[PDB]
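S.K.: Got a structure for you, questions after.
Rule-based calculations on the coordinates, nothing more; no lab input. Note that we place each Cβ from the backbone using ideal geometry, even for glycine, and neighbour counts take in every protein chain shown.
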Amino acid sequence: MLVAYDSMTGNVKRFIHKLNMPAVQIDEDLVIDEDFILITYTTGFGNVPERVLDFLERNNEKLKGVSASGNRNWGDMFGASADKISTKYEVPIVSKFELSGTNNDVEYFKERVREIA
Ligand SMILES: Cc1cc2nc3c(=O)[nH]c(=O)nc-3n(C[C@H](O)[C@H](O)[C@H](O)COP(=O)(O)O)c2cc1C
Ligand SMILES: C[As](C)(=O)[O-]
Ligand SMILES: [Zn+2]
Ligand SMILES: [Zn+2]
Ligand SMILES: [Zn+2]
Ligand SMILES: [Zn+2]
């Protein structure tokens, strides 16, 4: 299962390297031609980062689920980028995790993708 991701300060990037799954960094010409899971971080007041919004405008056809990195100090805004993407594109929230994730977060992601794929 291909994982598409973006990371500003490296936490999501660290997480996707722990997964050892096929993974691609988002950019403005990337076109994904296969089912994929998105991993995003959360920015500002519960928001999806602009680069991720731009990518999804072009590539949502094959989106099968979303995970978010965030921080529980945001309370009910924790991982709210995933809530927004799930609600809009009608795909499941695979998982939410803090920062670069724990080993349990890594294993849970993989188990959940195996269920969804
Ligand atoms: C300005 C600011 C706003 C943030 N907004 C949220 C938020 O609304 N919800 C959340 O769960 N985390 C929020 N975060 C936490 C980041 O999503 C978290 O640090 C994430 O691991 C960053 O991923 P990256 O290192 O891959 O860029 C915020 C962080 C910053 C610095
Ligand atoms: C080439 As990579 C897995 O660091 O996005
Ligand atoms: Zn790498
Ligand atoms: Zn834009
Ligand atoms: Zn736009
Ligand atoms: Zn709130």
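S.K.: Please report the antiparallel percentage of the DSSP beta bridges confined to the chain, to the nearest 5.
M.R.: Here the share of antiparallel DSSP bridges comes out near 5 percent.
S.K.: Only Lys, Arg, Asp and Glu count, each charged at its Cβ (+1, +1, -1, -1), so figure out the dipole size of the chain about its Cα centre, rounded to 20 debye.
M.R.: For the chain, the charge dipole is close to 400 debye.
S.K.: Evaluate E = 1/(1 + (r/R0)^6) for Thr9 and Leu30, where r is the Cβ-Cβ distance and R0 equals 25 Å; express this FRET efficiency to the nearest 0.05.
M.R.: My answer for the efficiency is 0.75.
S.K.: How large is the helix-only mean residue ellipticity at 222 nm for the chain, computed as the sum of -39500 (n - 2.57) over DSSP H runs with n ≥ 4, divided by its residue count, in deg cm²/dmol to the nearest 500?
M.R.: Taking each H run of at least 4 residues, the total per residue is -11000 deg cm²/dmol.
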